[PDB]
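Data block for my_file18.json (JSON, C-alpha atoms):
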```
[["chain", "number", "residue", "atom", "x", "y", "z"],
["A", 1, "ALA", "CA", 146.63, -223.40, 224.61],
["A", 2, "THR", "CA", 150.22, -222.91, 223.98],
["A", 3, "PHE", "CA", 152.01, -219.97, 222.35],
["A", 4, "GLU", "CA", 155.81, -220.10, 222.10],
["A", 5, "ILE", "CA", 157.04, -216.69, 220.92],
["A", 6, "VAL", "CA", 160.58, -216.99, 219.39],
["A", 7, "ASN", "CA", 162.84, -213.72, 218.59],
["A", 8, "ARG", "CA", 165.08, -215.03, 215.74],
["A", 9, "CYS", "CA", 165.88, -211.46, 214.71],
["A", 10, "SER", "CA", 169.31, -209.98, 215.46],
["A", 11, "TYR", "CA", 167.77, -207.07, 217.42],
["A", 12, "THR", "CA", 165.74, -207.14, 220.61],
["A", 13, "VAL", "CA", 161.97, -207.04, 220.36],
["A", 14, "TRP", "CA", 159.30, -206.55, 222.97],
["A", 15, "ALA", "CA", 156.71, -208.98, 222.32],
["A", 16, "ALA", "CA", 152.97, -208.24, 223.02],
["A", 17, "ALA", "CA", 149.93, -210.40, 223.37],
["A", 18, "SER", "CA", 146.47, -208.85, 223.86],
["A", 19, "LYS", "CA", 142.73, -209.24, 223.00],
["A", 20, "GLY", "CA", 141.88, -205.98, 222.99],
["A", 21, "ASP", "CA", 140.68, -205.18, 226.52],
["A", 22, "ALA", "CA", 143.02, -207.39, 228.56],
["A", 23, "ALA", "CA", 146.46, -208.93, 228.47],
["A", 24, "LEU", "CA", 147.07, -212.49, 227.36],
["A", 25, "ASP", "CA", 149.30, -214.23, 229.87],
["A", 26, "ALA", "CA", 151.77, -211.60, 231.11],
["A", 27, "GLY", "CA", 150.87, -209.19, 228.07],
["A", 28, "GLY", "CA", 154.32, -208.67, 227.03],
["A", 29, "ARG", "CA", 157.98, -209.37, 227.56],
["A", 30, "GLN", "CA", 161.57, -208.22, 226.37],
["A", 31, "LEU", "CA", 162.85, -211.04, 223.95],
["A", 32, "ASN", "CA", 166.73, -210.45, 223.24],
["A", 33, "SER", "CA", 167.90, -212.40, 220.00],
["A", 34, "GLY", "CA", 167.38, -215.88, 220.38],
["A", 35, "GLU", "CA", 165.10, -215.73, 223.44],
["A", 36, "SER", "CA", 161.70, -217.93, 223.51],
["A", 37, "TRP", "CA", 158.68, -216.96, 225.69],
["A", 38, "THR", "CA", 155.86, -219.52, 225.99],
["A", 39, "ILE", "CA", 152.35, -218.28, 227.08],
["A", 40, "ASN", "CA", 149.15, -219.65, 228.02],
["A", 41, "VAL", "CA", 145.98, -218.50, 226.24],
["A", 42, "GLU", "CA", 142.68, -219.33, 227.69],
["A", 43, "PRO", "CA", 140.54, -222.06, 224.90],
["A", 44, "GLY", "CA", 137.82, -220.18, 223.04],
["A", 45, "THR", "CA", 139.66, -216.84, 222.88],
["A", 46, "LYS", "CA", 138.29, -214.77, 219.99],
["A", 47, "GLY", "CA", 140.27, -212.04, 218.27],
["A", 48, "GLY", "CA", 143.73, -212.22, 220.31],
["A", 49, "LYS", "CA", 146.76, -210.78, 218.58],
["A", 50, "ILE", "CA", 150.52, -211.20, 218.95],
["A", 51, "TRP", "CA", 152.99, -208.56, 217.73],
["A", 52, "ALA", "CA", 156.53, -207.23, 218.19],
["A", 53, "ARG", "CA", 157.45, -203.78, 219.43],
["A", 54, "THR", "CA", 160.75, -202.14, 218.55],
["A", 55, "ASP", "CA", 163.06, -199.55, 220.06],
["A", 56, "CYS", "CA", 161.36, -199.53, 223.53],
["A", 57, "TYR", "CA", 162.30, -198.08, 226.89],
["A", 58, "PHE", "CA", 160.65, -199.18, 230.14],
["A", 59, "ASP", "CA", 161.32, -198.27, 233.59],
["A", 60, "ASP", "CA", 161.47, -200.22, 236.73],
["A", 61, "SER", "CA", 157.64, -200.48, 236.86],
["A", 62, "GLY", "CA", 157.09, -201.01, 233.50],
["A", 63, "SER", "CA", 155.86, -197.87, 231.88],
["A", 64, "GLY", "CA", 157.61, -196.39, 228.89],
["A", 65, "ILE", "CA", 157.49, -195.94, 225.08],
["A", 66, "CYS", "CA", 158.25, -197.92, 221.93],
["A", 67, "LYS", "CA", 158.81, -196.60, 218.44],
["A", 68, "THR", "CA", 156.58, -199.24, 216.88],
["A", 69, "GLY", "CA", 153.64, -200.97, 218.47],
["A", 70, "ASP", "CA", 153.22, -199.26, 221.68],
["A", 71, "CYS", "CA", 150.24, -200.32, 223.79],
["A", 72, "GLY", "CA", 149.50, -197.27, 225.89],
["A", 73, "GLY", "CA", 153.04, -196.88, 227.23],
["A", 74, "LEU", "CA", 152.80, -200.51, 229.17],
["A", 75, "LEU", "CA", 155.51, -203.19, 229.09],
["A", 76, "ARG", "CA", 152.60, -205.57, 229.84],
["A", 77, "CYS", "CA", 150.00, -204.88, 227.14],
["A", 78, "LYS", "CA", 146.48, -204.90, 228.05],
["A", 79, "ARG", "CA", 145.42, -203.17, 224.81],
["A", 80, "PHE", "CA", 146.43, -203.33, 221.17],
["A", 81, "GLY", "CA", 149.45, -201.68, 219.58],
["A", 82, "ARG", "CA", 150.06, -198.44, 217.56],
["A", 83, "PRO", "CA", 150.78, -199.15, 213.88],
["A", 84, "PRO", "CA", 152.90, -200.07, 212.11],
["A", 85, "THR", "CA", 152.60, -203.55, 213.63],
["A", 86, "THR", "CA", 152.75, -206.83, 211.74],
["A", 87, "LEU", "CA", 149.99, -208.90, 213.35],
["A", 88, "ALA", "CA", 149.53, -212.61, 214.27],
["A", 89, "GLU", "CA", 145.78, -212.97, 214.77],
["A", 90, "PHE", "CA", 143.71, -215.80, 216.22],
["A", 91, "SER", "CA", 140.38, -216.94, 217.59],
["A", 92, "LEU", "CA", 140.46, -220.37, 219.20],
["A", 93, "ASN", "CA", 137.94, -223.23, 219.54],
["A", 94, "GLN", "CA", 135.25, -221.76, 217.30],
["A", 95, "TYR", "CA", 132.60, -224.12, 217.37],
["A", 96, "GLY", "CA", 135.59, -227.16, 216.73],
["A", 97, "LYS", "CA", 138.28, -225.08, 215.04],
["A", 98, "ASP", "CA", 140.82, -222.38, 215.75],
["A", 99, "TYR", "CA", 141.47, -219.74, 212.77],
["A", 100, "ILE", "CA", 144.83, -218.12, 212.23],
["A", 101, "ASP", "CA", 146.04, -215.30, 210.25],
["A", 102, "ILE", "CA", 148.78, -212.74, 209.70],
["A", 103, "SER", "CA", 147.54, -209.22, 208.90],
["A", 104, "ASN", "CA", 149.40, -206.16, 207.18],
["A", 105, "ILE", "CA", 146.18, -204.08, 207.69],
["A", 106, "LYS", "CA", 147.97, -202.07, 210.40],
["A", 107, "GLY", "CA", 151.13, -202.03, 208.61],
["A", 108, "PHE", "CA", 154.39, -203.96, 209.01],
["A", 109, "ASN", "CA", 157.29, -203.61, 211.43],
["A", 110, "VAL", "CA", 158.86, -207.12, 211.79],
["A", 111, "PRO", "CA", 158.86, -210.25, 209.57],
["A", 112, "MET", "CA", 156.87, -213.14, 210.98],
["A", 113, "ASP", "CA", 156.13, -216.83, 210.77],
["A", 114, "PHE", "CA", 152.92, -218.06, 212.61],
["A", 115, "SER", "CA", 152.98, -221.93, 212.38],
["A", 116, "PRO", "CA", 150.98, -224.65, 214.14],
["A", 117, "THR", "CA", 153.12, -226.93, 216.70],
["A", 118, "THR", "CA", 150.40, -229.62, 216.72],
["A", 119, "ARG", "CA", 149.11, -231.66, 213.02],
["A", 120, "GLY", "CA", 146.33, -230.81, 210.63],
["A", 121, "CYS", "CA", 146.88, -227.38, 209.43],
["A", 122, "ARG", "CA", 149.81, -225.24, 207.65],
["A", 123, "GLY", "CA", 151.23, -222.04, 208.99],
["A", 124, "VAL", "CA", 151.37, -218.55, 207.49],
["A", 125, "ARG", "CA", 154.28, -216.18, 206.97],
["A", 126, "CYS", "CA", 155.25, -212.68, 205.82],
["A", 127, "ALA", "CA", 159.07, -212.42, 205.57],
["A", 128, "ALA", "CA", 159.64, -210.08, 202.77],
["A", 129, "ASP", "CA", 161.92, -206.41, 203.40],
["A", 130, "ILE", "CA", 158.62, -204.61, 203.32],
["A", 131, "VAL", "CA", 160.32, -201.63, 205.38],
["A", 132, "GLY", "CA", 163.21, -201.77, 202.58],
["A", 133, "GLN", "CA", 160.92, -201.09, 199.95],
["A", 134, "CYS", "CA", 158.02, -199.48, 201.48],
["A", 135, "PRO", "CA", 156.43, -196.72, 199.34],
["A", 136, "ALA", "CA", 157.97, -192.83, 201.04],
["A", 137, "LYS", "CA", 154.50, -191.72, 202.01],
["A", 138, "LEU", "CA", 153.93, -194.91, 204.02],
["A", 139, "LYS", "CA", 157.30, -194.92, 205.75],
["A", 140, "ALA", "CA", 157.33, -194.49, 209.53],
["A", 141, "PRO", "CA", 159.77, -192.33, 210.96],
["A", 142, "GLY", "CA", 160.14, -194.35, 213.96],
["A", 143, "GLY", "CA", 160.48, -197.56, 211.92],
["A", 144, "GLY", "CA", 158.24, -199.78, 209.77],
["A", 145, "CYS", "CA", 155.83, -199.40, 206.85],
["A", 146, "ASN", "CA", 152.41, -197.94, 207.69],
["A", 147, "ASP", "CA", 149.12, -198.98, 206.14],
["A", 148, "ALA", "CA", 147.39, -196.42, 203.95],
["A", 149, "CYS", "CA", 144.24, -196.16, 206.50],
["A", 150, "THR", "CA", 146.76, -194.94, 209.12],
["A", 151, "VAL", "CA", 148.48, -192.43, 206.85],
["A", 152, "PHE", "CA", 145.33, -191.02, 205.02],
["A", 153, "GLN", "CA", 142.14, -191.75, 207.00],
["A", 154, "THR", "CA", 139.89, -192.20, 203.95],
["A", 155, "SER", "CA", 136.80, -194.40, 203.70],
["A", 156, "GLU", "CA", 138.37, -196.20, 200.80],
["A", 157, "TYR", "CA", 141.59, -197.16, 202.61],
["A", 158, "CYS", "CA", 139.87, -197.67, 205.96],
["A", 159, "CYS", "CA", 136.90, -199.52, 204.35],
["A", 160, "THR", "CA", 134.74, -197.48, 206.72],
["A", 161, "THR", "CA", 131.34, -198.32, 205.21],
["A", 162, "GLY", "CA", 132.13, -201.98, 204.60],
["A", 163, "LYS", "CA", 132.73, -201.19, 200.92],
["A", 164, "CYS", "CA", 136.14, -200.68, 199.38],
["A", 165, "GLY", "CA", 138.46, -202.23, 196.84],
["A", 166, "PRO", "CA", 142.17, -202.93, 196.73],
["A", 167, "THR", "CA", 144.49, -199.96, 196.15],
["A", 168, "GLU", "CA", 148.01, -199.28, 194.96],
["A", 169, "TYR", "CA", 149.02, -199.48, 198.55],
["A", 170, "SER", "CA", 147.14, -202.61, 199.54],
["A", 171, "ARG", "CA", 148.55, -204.35, 196.44],
["A", 172, "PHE", "CA", 152.40, -203.10, 197.62],
["A", 173, "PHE", "CA", 151.69, -205.48, 200.75],
["A", 174, "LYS", "CA", 149.89, -208.27, 198.91],
["A", 175, "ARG", "CA", 153.18, -208.17, 196.25],
["A", 176, "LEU", "CA", 155.33, -208.95, 198.91],
["A", 177, "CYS", "CA", 153.15, -211.19, 201.28],
["A", 178, "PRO", "CA", 150.27, -212.87, 199.44],
["A", 179, "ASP", "CA", 149.54, -214.97, 202.59],
["A", 180, "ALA", "CA", 148.81, -211.93, 204.76],
["A", 181, "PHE", "CA", 145.72, -209.68, 204.71],
["A", 182, "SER", "CA", 146.52, -206.50, 202.76],
["A", 183, "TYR", "CA", 143.28, -204.51, 203.39],
["A", 184, "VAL", "CA", 140.06, -205.03, 205.31],
["A", 185, "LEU", "CA", 138.08, -206.82, 202.56],
["A", 186, "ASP", "CA", 140.93, -208.88, 201.14],
["A", 187, "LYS", "CA", 140.10, -212.42, 200.13],
["A", 188, "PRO", "CA", 140.76, -214.25, 203.42],
["A", 189, "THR", "CA", 144.09, -216.02, 203.83],
["A", 190, "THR", "CA", 142.83, -217.40, 207.15],
["A", 191, "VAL", "CA", 143.83, -220.92, 208.20],
["A", 192, "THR", "CA", 141.43, -223.25, 210.00],
["A", 193, "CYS", "CA", 143.11, -225.52, 212.56],
["A", 194, "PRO", "CA", 141.74, -228.14, 214.98],
["A", 195, "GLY", "CA", 140.32, -226.65, 218.14],
["A", 196, "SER", "CA", 142.87, -226.41, 220.97],
["A", 197, "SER", "CA", 145.96, -226.39, 218.75],
["A", 198, "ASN", "CA", 149.30, -224.99, 219.90],
["A", 199, "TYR", "CA", 151.43, -222.56, 217.91],
["A", 200, "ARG", "CA", 154.81, -220.91, 217.41],
["A", 201, "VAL", "CA", 155.27, -217.26, 216.45],
["A", 202, "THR", "CA", 158.77, -216.75, 214.98],
["A", 203, "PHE", "CA", 160.00, -213.21, 214.36],
["A", 204, "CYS", "CA", 162.69, -212.64, 211.72],
["A", 205, "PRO", "CA", 162.32, -216.29, 210.60],
["A", 206, "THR", "CA", 164.57, -216.44, 207.85],
["A", 207, "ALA", "CA", 167.19, -214.67, 210.05]]
```
Let me see whether you can do it: turn the structure in this file into structure tokens.
Amino acid sequence: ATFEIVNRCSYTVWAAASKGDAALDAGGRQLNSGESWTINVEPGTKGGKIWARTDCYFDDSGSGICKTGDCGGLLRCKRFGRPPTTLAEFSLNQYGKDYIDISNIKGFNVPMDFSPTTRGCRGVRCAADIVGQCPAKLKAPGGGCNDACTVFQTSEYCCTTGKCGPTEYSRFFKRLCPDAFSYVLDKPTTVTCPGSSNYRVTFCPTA
């Protein structure tokens, strides 16, 4: 399948695409403003993620640091990113359908549209100034708006036992992006698409 990753923000991002224990395609790439990067993701992939990283540095080989979303200091992510990271999430060709979501469960760093480029299903978006408003205790120095599990490490925020409810903090993300997951047990805003669909991830969409 095809993912076209478009940086419509006015600042450079470093896009990332991982499943957790391996890269997807090249695993990451600088996208200056306006730059599109199309990747190939192998059908049937379960649990992949696409995110932006901000304020990175990489050297000639590729090793470095980012202030949001860092994946173990690699330009080319083979693992997931340090919060706060707005997340595009997907598992493809499940049993006849792909399922797409955007998640604020690790926080928010960059606004995002995640839309299908082939018919049958509707996209999802979170474009609101979450970082402009973000509650002080959830702010991240380095940029972005952390989730409460990251800041406080409680069973209720982290839904450790499989039981938890919404919170003042989950609800701050759900007031501003009802289509994105706001905590682990949120009512799913998942989208079911035909198996083998293609997609576009657009950062800073409304930019």
What's the separation between CA of residue 35 in chain A and CA of residue 68 in chain A, in Å to one decimal place? 19.7 Å
Selection: 10 Å around range 111-126 of chain A, only C-alpha atoms, excl. self and same-chain fewer than 3 positions, as a PyMOL selection string: chain A and resi 2-9+50-52+86-89+99-104+108+129-131+173-174+176-180+189-194+196-207
In Å, with one decimal, what is the gap from CA of residue 40 in chain A to CA of residue 69 in chain A?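 These two atoms are separated by 21.5 Å.
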Which of these, A:184, A:15, A:105, A:41, has the shortest distance to residue 145 in chain A once you count all atoms listed in the file? A:105
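Reported to one decimal place, the separation of CA of residue 76 in chain A from CA of residue 37 in chain A is 13.6 Å.
Counting only C-alpha atoms, residue 106 in chain A has the following residues at most 6 Å away, ignoring those fewer than 4 positions along the same chain: residues 83, 84, 85 and 147 of chain A.
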My list of candidates is A:134, A:24, A:1, A:74. Which is closest to residue 47 in chain A when distances are computed with all atoms listed in the file? A:24
Which residue, A:185, A:91, A:109, A:133, has the smallest gap to residue 161 in chain A when you use only C-alpha atoms?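 Under the stated criterion, the closest residue is A:185.
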List the neighbours of residue 170 in chain A out to 6 Å using only C-alpha atoms; skip same-chain residues closer than 3 positions along the sequence, and give me the result as a PyMOL selection string. chain A and resi 166-167+173+182-183
Pick out the residues sitting within 12 Å of residue 62 in chain A, and hand them over as a count of residues only; count all atoms listed in the file, and ignore anything fewer than 5 positions along from it in its own chain. 13
